[PDB]
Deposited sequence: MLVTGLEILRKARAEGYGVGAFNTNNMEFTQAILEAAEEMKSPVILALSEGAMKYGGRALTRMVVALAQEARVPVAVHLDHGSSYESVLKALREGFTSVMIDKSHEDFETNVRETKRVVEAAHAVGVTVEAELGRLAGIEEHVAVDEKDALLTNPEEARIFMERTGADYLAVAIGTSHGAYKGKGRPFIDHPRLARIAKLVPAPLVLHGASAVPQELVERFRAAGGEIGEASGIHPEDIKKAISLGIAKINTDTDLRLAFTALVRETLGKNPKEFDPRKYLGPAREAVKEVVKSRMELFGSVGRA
């Protein structure tokens, strides 16, 4: 059933577990993510960037909302990192149950202003909002990360429902040389000041096994590095209630596409290579839920 973010994110933080948000751009990804959630009896978030809405169009948005409603477990549909008030309005129009505008690159007053305007429109129609303070970039001394104090003020001036924090993560397959630094003490401090559920983006693990599977097939990838699993577990115990995963899914999906087409030159039936790719995505989603502890939490 369709629900807002706040719904399940609160029980998540109060219960000491995290709910995974997974990015999707088409049918096979949406199925993999929802079946995984059904089998694991876990709540889940379908994340759709603006890039997704562009590639997906009406086909994607109506289907995600439709499958989300028809699922037996709680499912929210979030627009991730919206870039404008107008983008947010389109997400509200397409039935998203949670939205967010990324103005973390703006000065404080501008971020508060943009965010607050989004909060009023979203709440006006029963939708929840994820605010964003600090910039997603790996590393403190320069204070490019979330200021816990500013975080409480941000949440108070805007009336956002949950907060995305910058403590060391970043999108993509190269989050750092070796194990990326995650500022836990900073996270704990923010958590003491912001009781609202916390959000962790750019959280892919980029597992070595997966990195090698990609190479073994199509190949070509550098010193890829993701967020260490132990850091995910710790960040969640401090208050992270929502964790996004996009890169691991893309990698798993393409690795299977390449090995299937590589091993079967004569093959030209789409489902024969996209189906296995879909399965691999579903498996990734499940270990992800197991990792976050959202299993059996629906």
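Residues of the deposited sequence missing from the coordinate set occupy a single block of positions, 140 to 146.
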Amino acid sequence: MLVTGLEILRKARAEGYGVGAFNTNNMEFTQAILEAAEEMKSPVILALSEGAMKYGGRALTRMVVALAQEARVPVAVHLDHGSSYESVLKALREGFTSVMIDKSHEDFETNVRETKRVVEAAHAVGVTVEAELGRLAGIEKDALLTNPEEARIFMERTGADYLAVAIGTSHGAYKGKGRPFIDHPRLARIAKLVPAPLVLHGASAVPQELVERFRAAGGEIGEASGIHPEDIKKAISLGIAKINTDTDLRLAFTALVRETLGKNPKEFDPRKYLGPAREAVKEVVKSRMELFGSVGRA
From here on, numbers count along this sequence of modelled residues.
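Relative to its counterpart among 124 to 132 and 141 to 149, 141 to 149 has the higher mean temperature factor, C-alpha atoms as listed in the PDB entry.
Look at the C-alpha B-factors of 165 to 173 and of 209 to 217. On average they run higher in 209 to 217. Highest CA B-factor among the listed residues (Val112, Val199, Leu89, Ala224): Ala224. Ranked by C-alpha B-factor against the other modelled residues of its chain, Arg278 falls in the middle third. Among all modelled residues in its chain, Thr97 ranks in the lowest third by Cα B-factor. The deposited CA B-factor of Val19 belongs to the lowest third of values across its chain.
Sort the chain's modelled residues by C-alpha temperature factor and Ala188 lands in the highest third, per the entry.
In this PDB entry, the Cα temperature factor of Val285 sits in the bottom third of its chain's modelled residues, the lowest group.
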